[PDB]
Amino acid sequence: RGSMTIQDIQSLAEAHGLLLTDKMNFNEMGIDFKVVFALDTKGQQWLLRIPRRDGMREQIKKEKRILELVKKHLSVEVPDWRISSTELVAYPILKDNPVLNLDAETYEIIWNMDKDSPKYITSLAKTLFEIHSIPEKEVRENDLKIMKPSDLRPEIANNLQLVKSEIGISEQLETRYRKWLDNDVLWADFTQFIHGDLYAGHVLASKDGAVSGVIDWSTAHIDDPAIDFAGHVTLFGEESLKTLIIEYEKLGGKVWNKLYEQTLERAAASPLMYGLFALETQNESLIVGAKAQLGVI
C-alpha cells in the first residue's frame, strides 16, 4: 500500500503500549484491515490489524466482546486482543498456521495441511460442538445478533430480492434459492451460537490436521448451525461433510435429518451472501466479482 511506513506503525503501537522491532511482514488482502506480522522487543510475534478507514469502532468492540465470550468455552486458541482501539487491534501470534492460505496475486488455494486428514474431521467436529454449545443467555448479555428459526426465511427472501434487483442473478441460481426457501423440512426449528464464517482459511491446525485454533470472529452470532458446515462442503466435498456431521453427532452435537441438505443449500448460496457483502460496501470491483458468481457474467 505504502500508506504508512514501519516508523508510523512503531509510533501507533508504542502509543498503545507495544514496542516493535523494525522486522515486519504485510498482508494487504483484507478489505477492512491492513495486517502486519510484527516483533516486540522481547521477541514475541504479534498480529496487527490497522483499520483502512474511519467508522469501524462498533465492529471492533463487538469482535472484542465475542472473543472474551468464546475464550470461556473453547478448548482451542482464539486471538487474545490485548490492544483494541479504533486506531489499532493487536494480538500475540497463535501456535499454528491456517489450514490453507491464498496466493497474494491470483487467490489460488495453497494447502498447508493434507485435506484428506481424518484428524481434521474429528478435531473440527469437537470445535463445532463447543462453539454451538455456547449458552443463549451469555450471547444476549453481550448484545450480539440473535436470529430465531422464524427470522431465517424472511431475511434470505429479502436478500434474494435485493441482490436480484441491484446485482442480478441467473434463472438457475434464483430458482434453486426459491425452491430452498419453500422447502420447509430443511430448516431446523432451533438456532445456536455460530462462528458465522467457518472455513479452512479461519481454522489453525498442525500439518497432521489437529485443529488448535480459530481466527476471524467478527461474524459470530446465533443463527442456522448449517452456516458453520457450509464452508467445509466446497473445499472437502460431500463424503467429508457426511463424516463430519456423524463425528459432530457422536459428540452430542444437536442435528436434524436435513442438516446435510441445509448445508448444501447454504454452500450453494455463497454467491448470494457475497452479493449482499459486495452490495453494502459499494466497491465496484467487488460488485463485478459478485455478478460472476451469480452467473450474470
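Residues carry their position along the shown sequence, with the first being 1.
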query: Selected stretch [higher average CA B-factor]: 107 to 115 or 180 to 188; finding: 107 to 115
query: Mean Cα B-factor comparison, 275 to 283 or 6 to 14, giving the higher one as deposited; finding: 275 to 283
query: Residue of maximum C-alpha B factor among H202, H132, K72, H221, per deposited coordinates; finding: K72
query: Top residue by Cα temperature factor, when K64, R49, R53, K254 are compared in the entry; finding: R53
query: Third of the chain, ranked by Cα B-factor, where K207 sits; finding: highest
query: Record-listed C-alpha B factor of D228: chain third; finding: lowest
query: CA B-factor ranking of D32, expressed as a third of its chain; finding: highest
query: B-factor third for the C-alpha atom of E166 within its chain; finding: highest
query: Where the record places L19 (Cα B-factor, split into thirds across the chain); finding: middle
